[PDB]
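So this first bit is one chain, no partners, the form deposited in one PDB entry, shown in C-alpha coordinates.
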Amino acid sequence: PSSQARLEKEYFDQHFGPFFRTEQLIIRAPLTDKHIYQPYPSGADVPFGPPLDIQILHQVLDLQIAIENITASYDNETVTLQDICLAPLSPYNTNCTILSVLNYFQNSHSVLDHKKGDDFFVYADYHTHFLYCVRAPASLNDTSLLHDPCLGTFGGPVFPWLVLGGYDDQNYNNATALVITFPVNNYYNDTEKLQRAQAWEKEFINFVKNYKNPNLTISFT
(Lines give C-alpha, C1' and ligand atoms only; values in the text may rest on other atoms or scores of the structure.)
Protein backbone atom coordinates (compact mmCIF):
# COMPACT_ATOMS: atom_id res chain seq x y z
CA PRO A 1 0.00 0.00 0.00
CA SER A 2 1.07 3.62 -0.58
CA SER A 3 0.71 4.60 3.08
CA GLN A 4 2.91 1.78 4.37
CA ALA A 5 5.47 2.29 1.61
CA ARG A 6 5.75 5.94 2.65
CA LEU A 7 6.27 4.96 6.30
CA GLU A 8 8.98 2.38 5.43
CA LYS A 9 10.84 4.70 3.06
CA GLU A 10 10.95 7.43 5.73
CA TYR A 11 12.21 4.91 8.27
CA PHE A 12 14.92 3.47 6.00
CA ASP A 13 16.06 6.91 4.78
CA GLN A 14 16.45 8.16 8.34
CA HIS A 15 17.97 5.10 9.98
CA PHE A 16 20.01 3.56 7.13
CA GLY A 17 20.62 5.91 4.19
CA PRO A 18 22.42 7.69 2.67
CA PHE A 19 25.39 5.34 3.26
CA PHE A 20 23.26 2.17 3.11
CA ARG A 21 20.86 0.68 0.59
CA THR A 22 18.22 -1.75 1.78
CA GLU A 23 17.75 -5.35 0.77
CA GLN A 24 14.13 -6.43 1.30
CA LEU A 25 12.24 -9.69 0.92
CA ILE A 26 8.46 -10.19 1.03
CA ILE A 27 7.51 -13.62 2.35
CA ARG A 28 4.03 -15.15 2.10
CA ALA A 29 2.57 -18.51 3.09
CA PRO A 30 -0.18 -18.89 0.45
CA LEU A 31 -0.94 -22.52 1.31
CA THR A 32 -1.29 -21.82 5.04
CA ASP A 33 -4.68 -21.12 6.66
CA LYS A 34 -5.21 -18.17 8.97
CA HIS A 35 -5.92 -19.30 12.52
CA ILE A 36 -7.61 -18.26 15.73
CA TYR A 37 -5.91 -17.76 19.07
CA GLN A 38 -8.08 -18.23 22.21
CA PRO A 39 -6.58 -16.48 25.25
CA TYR A 40 -6.31 -18.20 28.64
CA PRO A 41 -8.43 -18.48 30.73
CA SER A 42 -11.01 -16.64 28.62
CA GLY A 43 -11.24 -13.74 26.19
CA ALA A 44 -12.42 -13.00 22.68
CA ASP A 45 -10.86 -14.98 19.82
CA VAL A 46 -7.89 -13.25 18.19
CA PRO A 47 -7.40 -13.98 14.48
CA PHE A 48 -3.82 -14.56 13.25
CA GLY A 49 -2.83 -14.25 9.60
CA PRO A 50 -1.30 -17.19 7.67
CA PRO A 51 2.42 -16.50 8.12
CA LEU A 52 2.12 -15.93 11.88
CA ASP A 53 1.68 -19.68 12.22
CA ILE A 54 4.35 -20.99 14.61
CA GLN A 55 5.84 -23.43 12.06
CA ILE A 56 6.03 -20.72 9.38
CA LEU A 57 7.78 -18.45 11.89
CA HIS A 58 10.47 -21.08 12.59
CA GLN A 59 10.92 -21.56 8.83
CA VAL A 60 11.29 -17.80 8.28
CA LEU A 61 13.84 -17.59 11.10
CA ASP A 62 15.81 -20.31 9.32
CA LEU A 63 15.63 -18.26 6.10
CA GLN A 64 16.86 -15.18 7.97
CA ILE A 65 19.75 -17.05 9.60
CA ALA A 66 20.69 -18.60 6.22
CA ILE A 67 20.82 -15.10 4.67
CA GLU A 68 23.16 -13.85 7.43
CA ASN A 69 25.60 -16.64 6.65
CA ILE A 70 25.78 -16.18 2.89
CA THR A 71 29.33 -15.65 1.66
CA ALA A 72 30.63 -14.66 -1.76
CA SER A 73 33.96 -15.22 -3.52
CA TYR A 74 35.66 -12.12 -4.92
CA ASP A 75 39.22 -12.08 -6.28
CA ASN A 76 39.80 -15.33 -4.38
CA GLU A 77 38.70 -13.65 -1.14
CA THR A 78 35.65 -14.47 0.98
CA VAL A 79 33.15 -11.65 1.39
CA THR A 80 30.69 -11.92 4.34
CA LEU A 81 27.56 -10.00 5.24
CA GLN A 82 29.40 -8.81 8.33
CA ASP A 83 31.86 -7.06 5.97
CA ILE A 84 29.11 -4.96 4.39
CA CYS A 85 26.27 -4.79 6.93
CA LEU A 86 25.28 -2.14 9.47
CA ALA A 87 26.76 -3.36 12.77
CA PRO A 88 26.33 -0.61 15.43
CA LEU A 89 28.00 -2.44 18.32
CA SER A 90 31.15 -3.53 16.49
CA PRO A 91 33.85 -4.58 17.40
CA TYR A 92 32.16 -5.88 20.57
CA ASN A 93 29.08 -7.32 18.90
CA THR A 94 29.61 -7.84 15.16
CA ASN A 95 25.97 -8.86 14.50
CA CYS A 96 24.23 -7.23 11.55
CA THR A 97 21.09 -5.13 11.53
CA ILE A 98 18.29 -7.24 10.12
CA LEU A 99 14.58 -6.56 10.63
CA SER A 100 11.80 -9.13 10.82
CA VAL A 101 8.97 -10.19 13.11
CA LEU A 102 11.49 -12.64 14.63
CA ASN A 103 13.16 -9.59 16.23
CA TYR A 104 10.35 -9.72 18.85
CA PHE A 105 11.63 -13.16 19.82
CA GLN A 106 15.35 -12.44 20.11
CA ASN A 107 15.77 -14.11 16.67
CA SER A 108 15.74 -17.41 18.53
CA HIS A 109 13.96 -20.73 17.93
CA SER A 110 13.83 -21.49 21.66
CA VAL A 111 12.55 -18.01 22.59
CA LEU A 112 9.88 -18.29 19.88
CA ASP A 113 8.74 -21.46 21.68
CA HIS A 114 8.67 -19.88 25.16
CA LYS A 115 5.57 -20.81 27.14
CA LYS A 116 4.12 -21.31 30.63
CA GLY A 117 1.14 -23.32 31.89
CA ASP A 118 0.22 -26.69 33.40
CA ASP A 119 -0.43 -30.17 32.00
CA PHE A 120 -3.72 -29.10 30.41
CA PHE A 121 -3.47 -25.41 29.46
CA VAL A 122 -0.87 -23.06 28.02
CA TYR A 123 -1.27 -19.74 29.85
CA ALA A 124 0.89 -17.61 27.54
CA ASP A 125 3.04 -18.22 24.44
CA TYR A 126 4.31 -16.51 21.27
CA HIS A 127 0.74 -15.34 20.47
CA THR A 128 0.48 -13.16 23.55
CA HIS A 129 4.05 -11.91 23.20
CA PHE A 130 3.30 -10.93 19.57
CA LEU A 131 0.11 -9.06 20.47
CA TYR A 132 2.00 -7.26 23.21
CA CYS A 133 5.07 -6.40 21.10
CA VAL A 134 3.13 -4.95 18.14
CA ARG A 135 1.53 -2.49 20.59
CA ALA A 136 4.73 -1.79 22.54
CA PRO A 137 7.75 -2.50 20.27
CA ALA A 138 10.17 -0.66 22.58
CA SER A 139 9.36 -2.77 25.65
CA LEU A 140 12.16 -4.70 27.30
CA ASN A 141 9.83 -6.66 29.58
CA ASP A 142 6.75 -8.70 28.72
CA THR A 143 5.49 -9.51 32.24
CA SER A 144 2.83 -11.89 30.89
CA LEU A 145 5.51 -14.11 29.33
CA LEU A 146 8.60 -14.58 31.46
CA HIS A 147 9.82 -10.94 31.19
CA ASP A 148 10.87 -11.62 27.56
CA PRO A 149 11.91 -8.42 25.69
CA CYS A 150 10.35 -7.03 22.50
CA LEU A 151 13.22 -4.61 21.82
CA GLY A 152 16.50 -6.08 20.58
CA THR A 153 20.04 -5.65 21.90
CA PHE A 154 20.57 -2.77 19.46
CA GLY A 155 18.71 -0.86 16.75
CA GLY A 156 15.69 0.71 18.45
CA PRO A 157 11.99 -0.34 18.27
CA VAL A 158 10.90 -2.54 15.37
CA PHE A 159 7.55 -1.12 14.27
CA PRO A 160 5.14 -3.81 13.07
CA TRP A 161 4.56 -2.01 9.77
CA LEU A 162 8.26 -2.59 8.98
CA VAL A 163 7.97 -6.35 9.32
CA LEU A 164 4.33 -7.18 8.50
CA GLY A 165 2.17 -6.65 5.42
CA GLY A 166 -1.30 -7.26 4.04
CA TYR A 167 -3.26 -6.69 7.25
CA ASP A 168 -6.49 -4.69 7.41
CA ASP A 169 -6.38 -1.21 9.02
CA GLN A 170 -3.84 -1.57 11.85
CA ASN A 171 -4.81 -5.10 12.83
CA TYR A 172 -1.26 -6.44 12.57
CA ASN A 173 -2.31 -9.88 13.77
CA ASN A 174 -4.06 -10.29 10.40
CA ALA A 175 -0.78 -9.96 8.43
CA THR A 176 -0.74 -11.95 5.18
CA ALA A 177 2.95 -11.14 4.51
CA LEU A 178 6.25 -11.00 6.41
CA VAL A 179 8.96 -8.50 5.51
CA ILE A 180 12.70 -9.10 6.06
CA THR A 181 14.87 -6.01 5.60
CA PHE A 182 18.57 -5.41 6.10
CA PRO A 183 20.90 -2.54 5.14
CA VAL A 184 24.01 -3.10 3.05
CA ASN A 185 26.73 -0.45 2.65
CA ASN A 186 26.68 1.42 -0.66
CA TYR A 187 30.40 2.25 -0.25
CA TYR A 188 29.94 5.40 -2.33
CA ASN A 189 33.54 6.41 -1.64
CA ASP A 190 35.42 3.10 -1.96
CA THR A 191 35.32 1.22 -5.28
CA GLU A 192 37.12 -1.85 -3.94
CA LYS A 193 34.61 -2.39 -1.13
CA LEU A 194 31.72 -1.58 -3.42
CA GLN A 195 32.83 -4.30 -5.86
CA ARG A 196 33.00 -6.81 -2.99
CA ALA A 197 29.54 -5.76 -1.72
CA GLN A 198 28.16 -6.27 -5.22
CA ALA A 199 29.65 -9.76 -5.32
CA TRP A 200 27.77 -10.51 -2.08
CA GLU A 201 24.49 -9.01 -3.35
CA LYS A 202 24.73 -11.13 -6.51
CA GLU A 203 25.11 -14.32 -4.42
CA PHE A 204 22.19 -13.19 -2.23
CA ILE A 205 19.95 -12.76 -5.26
CA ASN A 206 20.96 -16.20 -6.51
CA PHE A 207 20.44 -17.71 -3.03
CA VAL A 208 16.90 -16.31 -2.84
CA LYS A 209 16.03 -17.46 -6.36
CA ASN A 210 17.20 -21.00 -5.62
CA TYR A 211 15.66 -21.21 -2.14
CA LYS A 212 13.46 -24.25 -1.82
CA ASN A 213 10.57 -24.16 0.63
CA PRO A 214 7.16 -25.27 -0.65
CA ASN A 215 5.47 -23.33 2.22
CA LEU A 216 6.95 -19.93 1.40
CA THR A 217 6.88 -17.67 -1.59
CA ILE A 218 9.74 -15.18 -1.38
CA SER A 219 9.84 -12.10 -3.58
CA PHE A 220 11.98 -8.97 -3.81
CA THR A 221 11.10 -5.34 -3.02
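Sequential numbering from 1, following the sequence displayed. Just so we're on the same page, rigid core means the largest C-alpha set that superposes within 1.5 Å between forms.
Not on display, but discussed next: the form deposited with a partner chain bound.
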So the partner chain isn't shown here. In the bound PDB entry, which residue out of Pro39, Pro30, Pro47, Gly156 has a non-hydrogen atom within 4.5 Å of it? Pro39
Triple contact flag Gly43, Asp119 and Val122 to the partner chain in the bound PDB entry, non-hydrogen atom at 4.5 angstroms: yes
Residue-level contact is defined here as any heavy atom of the residue lying within 4.5 Å of the partner chain in the bound PDB entry; does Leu145 satisfy this criterion? yes
Can you say which of 189-197, 158-166, 171-179, 31-39 gets within 4.5 Å of the partner chain in the bound PDB entry, counting heavy atoms only? 31-39
Only one of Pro183, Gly165, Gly152, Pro50 shifts by 2 Å or more at CA between the shown form and the other one when the core is aligned; which is it? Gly152
Superposing on the rigid core, is the Cα displacement of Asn93 between the shown form and the other one 2 Å or more? yes
Between the shown chain and the other structure, the Cα gap of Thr153 to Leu102 differs by 3 Å or more. Is it closer or farther in the bound PDB entry? closer
Closer or farther: C-alpha pair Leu61/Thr153 in the bound PDB entry, relative to this form, given a change of 3 Å or more: closer
